C-alpha cells in the first residue's frame, strides 16, 4: 500500500509506487482541503458548481482528485474508490493529480492525503 499527499498547485501530480495491473482490485481513500483559487476550500470531490473551462478531467469537478494509470486518460477518484477494477485496459503506475485548468494552477493551495491499497482478487 501507499500513503502520501498530492499538492493542488502541481500540474504534474504525484507519482505513487502502486502499479495497477489488469485484474487488480484497489481501494483509495482521499481526504483534505484544497482550493483552485477562491478563499474557500473544497474536499476531494471539488466544487460541484464551478464550470469546466478546460479541466484535465471532464468527468470530475474543478478541484477534485483524479488519477492516471500509466499513460491513461484521467480517471476520477474524488473521495476514493471501494474495491474498484479499472473498466478499460489500463496498466502502470498510479499518478494522482488535482483537477484544474492547465495554466491556472498558480493560485491553487492545499493538498489531499491519500491512501491506496490492493485488495484481494
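Positions refer to the first chain, counted from 1. Whichever C-alpha set is largest while still superposing within 1.5 Å between the two forms counts as the rigid core.
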RMS over structures and residues, CA atoms, rigid core fit in 8 other deposited structures of this protein: 25 to 33 vs 85 to 93, larger is 85 to 93
Between 87 to 95 and 46 to 54, point out the one with the higher average CA B-factor as the PDB entry records it.
87 to 95
In this PDB entry, which of 79, 35, 72, 27 has the top CA B-factor?
72
Lowest, middle or highest third: where is residue 108 by C-alpha B factor in its chain?
lowest
Sorting the chain's CA B-factors, does residue 116 end up in the lowest, middle or highest third?
lowest
Is residue 6 in the lowest, middle or highest third of its chain when residues are ranked by C-alpha B-factor?
middle
